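S.K.: Supplied in structure tokens, the structure appears directly below.
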Amino acid sequence: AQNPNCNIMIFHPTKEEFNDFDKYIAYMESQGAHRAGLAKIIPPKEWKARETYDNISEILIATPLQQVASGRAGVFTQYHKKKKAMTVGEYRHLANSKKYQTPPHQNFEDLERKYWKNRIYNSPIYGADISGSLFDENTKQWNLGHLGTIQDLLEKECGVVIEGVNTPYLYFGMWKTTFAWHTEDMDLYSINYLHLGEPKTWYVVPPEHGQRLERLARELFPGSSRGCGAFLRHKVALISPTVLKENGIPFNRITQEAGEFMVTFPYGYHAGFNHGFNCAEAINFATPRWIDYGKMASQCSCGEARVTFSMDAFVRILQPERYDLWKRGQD
Ligand SMILES: O=C(O)CNC(=O)C(=O)O
Ligand SMILES: [Mg+2]
Ligand code: NI
Ligand SMILES: [Zn+2]
């Protein structure tokens, strides 16, 4: 078995290997990358996502989210308070202000220490989940707006034609902005490209050990667990590396820098934080190996998780027994 310790792997494809996206994902899996839940892909030196980032300041963040924490430093939840619209240029200036800017630090490890110590005492503002793309239309390799769609994959594998579309999302971050512990909708893959700015630190649990994380989460968030049998679908709970180590949960960590791709694999729980002002782009995707994970994915039916239009068909076709209850949660 390849990669039996479930380490995060880093790949350096050549420009020739960067042509065929599906083939390279299958190659990474042949080397055991998926066992970690997360992989890093450094593009060939010849590639670029677009020519410059000089003209992005007029993009609108219609609903910036202030991430307010409750709990203790290593075990907390966050809720998202909606703020007034602002442009990317206005958000960048806010991120660089004395109130929100990254503090002085020695290295990534020192910054990680400061994040875990101090996150809860601040409420950073996240420009998350903005439909759109920063890939130039002429970028032909690993262009996250030109991938094969999940609906076309289901159709190719299973023969059933379904409604829905699959488009990317932009994330404009600042120091301490946080992504809570989650897997993707329907336990899909995700791919994330860091276009510009300061790094993003990730934590991940191997897919084969995901239920260990879920059992800890039910212990640490006992009211939430009573409310919903899949409450990590709410995307609000944080647990620190120190707490994970104290409870014997297998995980790994890695820092993504500008110009790098990360791939999350089906049922790989992940969480993390931004180091400073940055912009990422991400989208979900599927492969043939996903189908069995999609059929087994947990679902939130309590009403909190509320998701996209396109998840309807995935539930309806892959999980017809769950469909009626899940749909009530959506309505
Ligand atoms: O970058 C973020 O805030 C969150 N990203 C992801 O969870 C992802 O790409 O799967
Ligand atoms: Mg602009
Ligand atoms: Ni994700
Ligand atoms: Zn729920």
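Note that PDB author numbering gives residue 217 to position 207 of the sequence shown, counting from 1, and the numbers run on in steps of one. Backbone N, C-alpha and C define an ideal beta-carbon position, used for all residues, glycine too.
Assess contact between the stretch 79-88 and the stretch 232-250, defined as three or more Cβ pairs (one per stretch) separated by less than 8 Å. Is contact present?
M.R.: yes
S.K.: Can you tell which of 170, 224, 313 has the C-alpha that lies nearest to the C-alpha of residue 328?
M.R.: Looking up residue 328 in the sequence shown gives position 318. Selected option, being the one with the closest Cα: 170.
S.K.: Is the beta carbon of residue 260 less than 8 Å from the beta carbon of residue 217?
M.R.: To locate residue 260, count along the sequence shown from 1; it is residue 250. To locate residue 217, count along the sequence shown from 1; it is residue 207. No.
S.K.: Examine the Cβ distances between the stretch 316-332 and the stretch 59-68 and report whether three or more of them are shorter than 8 Å.
M.R.: In this structure the stretch 316-332 does not touch the stretch 59-68; the number of beta carbon pairs closer than 8 Å is below three.
S.K.: Which two residues bound the contiguous alpha helix (DSSP H) that contains residue 305?
M.R.: Locating residue 305 in the sequence shown gives position 295, counting from the first residue. Residue 305 -> alpha helix (DSSP H) spans 300-306.
S.K.: When you measure from the CB of residue 314 to every non-hydrogen atom of ligand 4, does any distance come out below 7 Å?
M.R.: Taking the sequence shown and counting its residues from 1, the one referred to as residue 314 is at position 304. Checking the Cβ of residue 314 against ligand 4 gives yes.
S.K.: From the DSSP output, in three-state form, read off residue 201 for me.
M.R.: As a first step, residue 201 is located in the sequence shown; it is residue number 191 there, counting from the start. In this structure, residue 201 counts as strand in the three-state DSSP scheme.
S.K.: Determine the extent of the alpha helix (DSSP H) in which residue 132 is found, giving its start and end residues.
M.R.: Position 122 of the sequence shown, counting from 1, holds the residue named residue 132. Segment: none, residue 132 is in no alpha helix (DSSP H) and carries neither H nor E.
S.K.: If you measure from the CB of residue 187, is any heavy atom of ligand 3 nearer than 7 Å?
M.R.: Walking along the sequence shown from the start, residue 187 turns up at place 177. Checking the Cβ of residue 187 against ligand 3 gives no.
S.K.: Have a look at 120, 265, 189 and flag the residue whose alpha-carbon is nearest the alpha-carbon of residue 89.
M.R.: Reading the sequence shown from its first residue, position 79 is the one you call residue 89. Considering only 120, 265, 189, the residue with the shortest C-alpha distance to residue 89 is 189.
S.K.: Can you tell me whether residue 224 is buried or exposed, with buried defined as 16 or more other CB within 10 angstroms of its CB?
M.R.: Locating residue 224 in the sequence shown gives position 214, counting from the first residue. The residue is buried, with at least 16 neighbouring Cβ atoms inside 10 Å.
S.K.: Looking only at C-alpha atoms, which of 80, 144, 110, 231 sits nearest to residue 293?
M.R.: The residue you call residue 293 lines up with position 283 of the sequence shown. The candidate whose alpha carbon is nearest that of residue 293 is 144.
S.K.: Along the beta strand (DSSP E) that carries residue 92, what are the first and last residues, could you check?
M.R.: Position 82 of the sequence shown, counted from the first residue, corresponds to residue 92. Per DSSP, residue 92 belongs to the beta strand (DSSP E) from 85-92.
S.K.: Give the range of the beta strand (DSSP E) segment to which residue 100 is assigned.
M.R.: For the purposes of this step, residue 100 is taken as residue 90 along the sequence shown, with counting starting at 1. Unbroken run through residue 100 is the alpha helix (DSSP H), 98-105; no beta strand (DSSP E).
S.K.: Tell me whether residue 103 counts as near ligand 4, meaning its Cβ is closer than 7 Å to at least one heavy atom of that ligand.
M.R.: Here residue 103 corresponds to residue number 93 of the sequence shown, with the count starting at 1. Residue 103: no, Cβ never under 7 Å from ligand 4.
S.K.: Looking only at C-alpha atoms, which of 80, 56, 95 sits nearest to residue 73?
M.R.: Residue numbering aside, residue 73 sits at position 63 when the sequence shown is read from its first letter. Closest by alpha carbon: 95.
S.K.: Whole beta strand (DSSP E) runs in the stretch 139-208 with 3 or more residues, listed along the chain?
M.R.: Secondary structure remark: continuous beta strand (DSSP E) runs of at least 3 residues inside the stretch 139-208, in chain order: 179-183, 188-192, 199-207.
S.K.: Please classify residue 107: is it buried, with 16 or more other beta-carbons within 10 angstroms of its beta-carbon, or exposed?
M.R.: In the sequence shown, the residue the question calls residue 107 occupies position 97. Exposed is the call here.
S.K.: Going by beta-carbon coordinates alone, are residue 112 and residue 212 separated by less than 8 Å?
M.R.: Within the sequence shown, the letter at position 102 stands for residue 112. Within the sequence shown, the letter at position 202 stands for residue 212. Cβ atoms of residue 112 and residue 212: not closer than 8 Å.
S.K.: Could you give the residue range of the alpha helix (DSSP H) that holds residue 311?
M.R.: Counting from one through the sequence shown, the residue named residue 311 turns up at place 301. Looking at the DSSP string, residue 311 is not in any alpha helix (DSSP H), and its letter there is neither H nor E.
S.K.: Beta carbon of residue 296, beta carbon of residue 243: below 8 Å?
M.R.: Translated into the one-based positions of the sequence shown, residue 296 becomes position 286. Translated into the one-based positions of the sequence shown, residue 243 becomes position 233. No, they are not a contact pair.
S.K.: For the stretch 228-282, list the beta strand (DSSP E) runs that are entirely contained and at least 3 residues long, ordered along the chain.
M.R.: List check, beta strand (DSSP E) in window: 247-249, 262-266, 271-274.
S.K.: Rounded to a whole number of angstroms, what is the C-alpha to C-alpha distance between residue 180 and residue 289?
M.R.: Counted from its first residue, the sequence shown places residue 180 at position 170. Counted from its first residue, the sequence shown places residue 289 at position 279. Approximately 7 Å, taken between the alpha carbons.
S.K.: Is residue 46 helix, strand or coil by DSSP?
M.R.: Mapped onto the sequence shown, residue 46 falls at position 36. Residue 46 falls in the helix class under three-state DSSP.
S.K.: For ligand 1, is there any heavy atom lying closer than 7 Å to the beta carbon of residue 143?
M.R.: For this step, residue 143 is matched to residue 133 along the sequence shown. Because no heavy atom of ligand 1 lies under 7 Å away, the Cβ of residue 143 does not count as near it: no.
S.K.: If I follow the unbroken beta strand (DSSP E) through residue 287, where does it start and stop?
M.R.: In the sequence shown, counting from the first residue as 1, residue 287 sits at position 277. That residue, residue 287, is in no beta strand (DSSP E); it is neither H nor E in DSSP.
S.K.: Mind reading off the beta-carbon distance from residue 415 to residue 57? Whole number of angstroms is fine, and I expect it under 8 Å.
M.R.: This structure cannot settle anything about residue 415, because the visible part of the chain is limited to 11 through 341.
S.K.: Out of 301, 23, 334, point me to the one whose CA is closest to residue 165's CA.
M.R.: Along the sequence shown, one-based indexing puts residue 165 at 155. Residue 301 is the option with its Cα nearest to residue 165.
S.K.: Considering only heavy atoms of ligand 3, does any lie closer than 7 Å to the CB of residue 280?
M.R.: Reading the sequence shown from its first residue, position 270 is the one you call residue 280. Flag set: Cβ of residue 280 near ligand 3.
S.K.: What are the boundary residues of the alpha helix (DSSP H) that residue 63 is part of?
M.R.: By one-based count along the sequence shown, residue 63 stands at place 53. Counting along the chain, residue 63 falls outside any alpha helix (DSSP H), and DSSP gives it neither H nor E.
S.K.: Apart from the five residues just before and just after residue 41, which ones in its own chain have a Cβ nearer than 8 Å to its Cβ?
M.R.: Stepping through the sequence shown from its first residue, residue 41 is reached at position 31. Excluding residues within five positions, the ones whose Cβ falls inside 8 Å are 12, 13, 19.
S.K.: So, for residue 51: in the same chain, excluding its five sequence neighbours on each side, which residues have a beta-carbon less than 6 Å away from its beta-carbon?
M.R.: Residue mapping note: residue 51 aligns to position 41 of the sequence shown, counting from 1. Cβ neighbours of residue 51 beyond the five flanking positions: 21, 271.
S.K.: Is the closest heavy atom of ligand 1 to the C-beta of residue 2 under 7 Å?
M.R.: With the chain covering 11 to 341 only, the question about residue 2 has no answer from this structure.
S.K.: Do residue 266 and residue 204 have their CB atoms nearer than 8 Å?
M.R.: As a working mapping, residue 266 is identified with position 256 in the sequence shown. As a working mapping, residue 204 is identified with position 194 in the sequence shown. Yes.
S.K.: Just to confirm the assignment, what range does the alpha helix (DSSP H) spanning residue 337 have?
M.R.: Here residue 337 refers to the residue found at position 327 when the sequence shown is read from its first residue. It spans 330-340 - the alpha helix (DSSP H) in which residue 337 sits, taken as one unbroken run.
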